[PDB]
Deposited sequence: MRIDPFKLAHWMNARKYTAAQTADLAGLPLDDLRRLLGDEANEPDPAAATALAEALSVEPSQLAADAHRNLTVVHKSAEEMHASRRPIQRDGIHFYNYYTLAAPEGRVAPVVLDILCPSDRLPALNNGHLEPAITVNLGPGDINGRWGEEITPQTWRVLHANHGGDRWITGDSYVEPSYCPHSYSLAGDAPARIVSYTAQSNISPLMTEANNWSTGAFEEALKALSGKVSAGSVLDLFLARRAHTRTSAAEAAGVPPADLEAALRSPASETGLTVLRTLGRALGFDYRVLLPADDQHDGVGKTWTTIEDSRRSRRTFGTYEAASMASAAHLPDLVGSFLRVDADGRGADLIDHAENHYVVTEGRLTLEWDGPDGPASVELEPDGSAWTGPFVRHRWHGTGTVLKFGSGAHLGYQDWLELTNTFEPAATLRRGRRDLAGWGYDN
């Protein structure tokens, strides 16, 4: 239940209080405050008109690597009953205490029973078939080629590519059953929802404002619809904006029909510079299980050398840049979190942490987590699944970092 020096300094600055004034208002010793930069937190919070949790330090500090043995993973087993049967077993992989743990599931609904759907969940997930058996994927109430498809297990020789993979779309109910008698496990790996922070806030808005938001977000969310909101925000019309930027009304209209044509882009960037906004968010993204479906063959075809490793791709979606998965056959450094699970061999994960070089040996079902920018490597022979998620550094952070003067210096200052 500690105090974050960065958060404390922010609130002091926001209230425009000195350390002296802050100590005075909160009725605590000034030396305590200078050092912080449980009894202190409550007093500080009331003095700075914030909730104590607005001053709380993270429960986890200096985490590099967390790991979980195959034994501990097996011990985590929890049976799940659905539709009057034993439906799945859930196992949890390595994760920092309190964080969302990746899941392995035994698929136990037999081939002759339609798997009852779940309710869906906001987060998207990569789901991969570990095998050994093929499974059925279900995505709707009615059974159709659109709503019912077999996620194959690899039956051939390059088993480090374990099976088919796809992205479970946000919110749509889904379930799994065995396609035959052969048993099967999956890993379902969820990323953080990037729309979640917005929804959390929009949930607390008045109903009137919420309805207005939905209207502005209804239908086609185009270059034009978004731009018009940007303009109103700056008390501009399309007419005044084009004037301010030195752009002919007709070129603006042309730009908005084709934002990603370098003529569209030139106009929008000119407008963005004149009016104080980032044109990039006005550029088209791909229109919106078939698209992300990645077969065993797909993964075989994507095989490449990656440093000392051989790598193959799981399913991905351009709409979900923060969510990644790869098969790795056995230095690594990623710009956000990794979750790894060993599928073959006795592998050693080595990292450099606060206590110097460290390492753990993990057997199949054994798993690890690595923090953002934690340098690590795998030794041995040699198969691990590499998943990745995390808002930091996520693609939205990348947008902001490119808008930042000397990002490294800014980060250094905060710390």
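Several segments of the deposited sequence have no coordinates for C-alpha: 38-45, 297-299, 342-348, 434-443, numbered from the first residue.
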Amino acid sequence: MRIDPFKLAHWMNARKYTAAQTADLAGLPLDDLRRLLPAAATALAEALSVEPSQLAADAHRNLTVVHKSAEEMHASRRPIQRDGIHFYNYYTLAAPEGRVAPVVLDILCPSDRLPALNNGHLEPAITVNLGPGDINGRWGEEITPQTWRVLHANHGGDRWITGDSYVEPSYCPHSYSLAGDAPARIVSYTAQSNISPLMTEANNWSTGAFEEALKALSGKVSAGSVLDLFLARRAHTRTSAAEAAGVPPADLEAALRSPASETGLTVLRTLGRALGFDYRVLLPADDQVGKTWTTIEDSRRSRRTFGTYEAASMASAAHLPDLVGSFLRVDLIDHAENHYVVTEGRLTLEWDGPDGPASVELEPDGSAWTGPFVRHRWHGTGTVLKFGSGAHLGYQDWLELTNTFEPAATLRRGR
From here on, numbers count along this sequence of modelled residues.
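Checked against the record, the higher mean CA B factor of 335-343 and 248-256 lies with 248-256. When 373-381 is weighed against 57-65, 57-65 comes out higher, by mean CA B-factor as recorded in the entry. The PDB entry gives the largest Cα B-factor of the residues 302, 196, 263, 162 to 263. Highest CA B-factor among 360, 70, 47, 368, as stated in the entry: 47.
The entry lists a Cα temperature factor for residue 192 that places it in the lowest third of the chain's modelled residues. Among the modelled residues of its chain, residue 287 has a C-alpha B-factor that falls in the highest third according to the deposited record. When all modelled residues of the chain are sorted by CA temperature factor, residue 143 is found within the highest third.
Among the modelled residues of its chain, residue 21 has a C-alpha B-factor that falls in the highest third, as given in the PDB entry. Ranked by C-alpha B-factor against the other modelled residues of its chain, residue 321 falls in the lowest third.
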